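Here's a solo chain for you in structure tokens, the form deposited in one PDB entry.
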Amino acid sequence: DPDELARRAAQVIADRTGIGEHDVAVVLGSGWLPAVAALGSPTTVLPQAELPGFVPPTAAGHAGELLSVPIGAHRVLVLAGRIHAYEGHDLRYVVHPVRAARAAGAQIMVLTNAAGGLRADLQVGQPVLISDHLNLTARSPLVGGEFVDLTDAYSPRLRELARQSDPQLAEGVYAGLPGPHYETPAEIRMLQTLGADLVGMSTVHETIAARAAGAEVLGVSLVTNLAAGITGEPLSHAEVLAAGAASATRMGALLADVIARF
């Protein structure tokens, strides 16, 4: 049962961190892992593979960490690494971290991602708040009769707090695709038609599960490249990592500054 696995994981988290409730959770994936060093100093570091329900039996050798980090007056669970849908496992693994974090007390989920920029104004290394999303995966993490409204899924209140940290922050619509291939130029022209400003390979199911669980969500993209066809140059995964490493200090300091306002 997903709820039961989430409660079991939250109990292990409380026991191993010695902290009974974490009120905020942050998910870092590719593009954002370097930012951990500027975000804060963990008081507990746990391998995801040691926690119930996090890592598929299939491969345990590539999973990241769960961190307990004090940020302002909060106790923050930081997921340092995602198991992406493109690994080919059930979505329960994608959204179990959100569900476990909620069961541990998290009222707010900060979901970070890397993205390709579709919109005219965007630059490599630019953070962009997610105002809404397009789920283009043809999937949902909700199974059976679990209904959730996604109006204001990306909390307006939390985007306002982020704009206090940086009043020039852009905001835009994120298209979540399966991956792991990059899009063709024709696909990017299609996404422009569909109203996407950003394109990536994560996040949409985490947002849905978070809202279904009653948590508020803040989404932040790092633009790692302009999308296929815009510059004419080929894309490469090296760009994602390079942008993450280059932006690390700024991005960690931004997240810490915003979370302290919660």
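We call the rigid core whatever largest set of C-alpha positions still superposes within 1.5 Å between the two forms. Start at 1 with the first residue shown and count on from there.
This next part talks about the form deposited in another entry, which is not shown.
- Core superposition between the shown form and the other one leaves every listed residue (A213, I230, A49, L235) with a C-alpha shift below 2 angstroms except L235.
- After superposition on the rigid core, the Cα atom of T193 is displaced by less than 2 Å between the shown form and the other one.
- Core-superposed comparison between the shown form and the other one: the C-alpha position of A248 differs by no less than 2 Å.
- With the core held fixed between the shown form and the other one, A63 has its Cα displaced by at least 2 Å.
- The pair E239 and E183 is at least 3 angstroms farther apart at the CA level in the other entry than in the present model.
- Compared with the form shown, the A63-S140 C-alpha separation increases in the other entry, the change being 3 Å or greater.
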